[PDB]
């Protein structure tokens, strides 16, 4: 349905971010939280693509992944988007994201050859939930400020993946179409 490219986290990180979501909870704001299996770093959103574009993209990603070496990154810090006053999305940041950034820029340049728009201004993050509305602004800002530079854990950037999300009556389901290991 809608395809995108991502980097998955590991179980240790997933567990720590889920506990952080619980700690935020729903008392200071109504938040639709990301399900545990869907916590990941998005490198590029593709939209609806044909099977032929998908095949072509899988070939390109295979070659891109083999140019980068597996490396360990730390998930650190809570960020808000678009801005502290006005909170729409709560994210976790990545420490040492430069190689991820480099990959996402290389992806955007190659897929540009296939007609996909370069979106630029990439920021490596893991979305933790989307704020429907804030109930207690002060309380929410207080809880987010305590988390601002929090060390949530580390994981090895192992592969880039091509995934897709499909809306079904029971909500969106995500699938992994292909996975491309970075160089050891």
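Numbering follows the first chain given and starts at 1.
Here the stretch with the larger average CA B-factor, out of 109 to 117 and 69 to 77, is 109 to 117.
Look at the C-alpha B-factors of 153 to 161 and of 119 to 127. On average they run higher in 119 to 127.
Per the deposited record, 137 carries the highest C-alpha B-factor of all listed residues (137, 44, 62, 40). Per the PDB record, residue ranking by Cα B-factor puts residue 57 in the lowest third of the chain. For residue 168, the recorded CA B-factor ranks within the highest third of the chain. Only modelled residues enter the ranking. Ranked within its chain, residue 87 lands in the highest third, by CA B factor from the PDB record. Sorting the modelled residues of the chain by their CA temperature factor places residue 142 in the highest third. Ranked against the other modelled residues of its chain, the C-alpha B-factor of residue 8 as given in the entry falls in the lowest third.
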